[PDB]
Amino acid sequence: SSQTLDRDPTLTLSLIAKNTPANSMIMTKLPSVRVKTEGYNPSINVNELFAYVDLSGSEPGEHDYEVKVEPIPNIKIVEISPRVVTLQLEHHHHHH
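Residues numbered from 1 in each chain as written, not as in the entry; some residues may be left out. Heavy atoms only, no water.

**Section: unusual backbone geometry**
Stage number 1. With an omega dihedral of 0 degrees, the bond running from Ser81 to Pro82 counts as a cis peptide bond.
Stage number 2. With respect to the secondary-structure elements, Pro82 resides in the loop between strand 7 (76-77) and strand 8 (84-91).
Stage number 3. With phi around 55 degrees, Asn19 is a residue other than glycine that occupies positive phi space.
Stage number 4. Its place among the elements puts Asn19 in the loop between strand 1 (10-18) and strand 2 (24-26).
Stage number 5. Taking the relative accessible area as the measure of exposure, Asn19 reaches 52% and is therefore exposed. (Helix = DSSP H or I, 4+ residues; strand = E, 2+ residues; numbered from the N terminus. Buried < 20%, exposed > 50% of the residue type's maximum accessible area, 1.4 Å probe, protein only.)

Take a look at the structure:
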């Protein structure tokens, strides 16, 4: 195609829950984020890299949370979309 390739791979990381208490029960299946990166990795794994949602501030309900991707060594993060994911945190404590 081109003489010099752009060399900008798109890393697909799974979204996980970090610092997530059991009080905040995610009933939303966790999707995957597709980050455009300036940096080539024949060794680095997309299972080695993860994108997490910080649930330190456990706000129950359908709430928008930021997809926080772990910094990639020697590789630039260009995109982080979907940048925000709407996750429904359900109460693990109910009345009835």
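**Focus on the environment of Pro31**
Stage number 1. Inspection of the secondary structure assignment puts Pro31 in the loop between strand 2 and strand 3 (32-38).
Stage number 2. Residues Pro31 and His91, 60 residues apart in the sequence, show an inter-C-alpha distance of 21 Å.
Stage number 3. Residues contacting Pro31, with those up to four places away along its chain left out, are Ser14 and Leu15. (Contact = heavy atoms within 4.5 Å.)

**Observations regarding the side chain of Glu90**
Stage number 1. With respect to the helices and strands, the residue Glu90 is situated in strand 8.
Stage number 2. For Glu90, which is buried and forms no salt bridge, the nearest opposite charge comes from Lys29, at a distance of 15 Å.
Stage number 3. Separated by 2.6 Å, the side chains of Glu90 and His94 make a polar contact.
Stage number 4. Residue contacts for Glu90: discarding those within four places in its chain leaves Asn23, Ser24, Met25 and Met27. (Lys, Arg positive; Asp, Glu negative; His and termini not counted. Salt bridge = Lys/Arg side-chain N within 4 Å of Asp/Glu carboxyl O. Polar contact = N/O pair within 3.5 Å; in protein donor to acceptor, adjacent residues only side chain to side chain.)

**Comments concerning the sheet that holds strand 2**
Stage number 1. Across the sheet, which stays open at both edges, the three strands sit in the order 2-8-5 with antiparallel pairing between neighbours. The outermost strands of the open sheet, each flanked by one partner alone, are strand 2 and strand 5 (61-66). Taking the axes of each pair of neighbouring strands and ignoring which way they run, one obtains an average angle of 50 degrees across the sheet.
Stage number 2. Taken together, the three bridges between strand 2 and strand 8 define a ladder with antiparallel strand orientation. When the bridges of strand 8 are listed, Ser24 appears paired with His91. (Pairing = 2+ DSSP bridges. Axes fitted to C-alpha atoms, helices over the stretch in contact; angles between N-to-C directions.)

**Describing the pairing of strand 1**
Stage number 1. As judged from the five bridges shared by strand 1 and strand 3, these two strands associate in the antiparallel manner. Bridging across to strand 3, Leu13 finds its partner in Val33.
Stage number 2. The pairing of strand 1 with strand 4 (residues 51-54) spans four bridges and is classified as parallel. Counted as the bridge partner of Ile16 is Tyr52 from strand 4.

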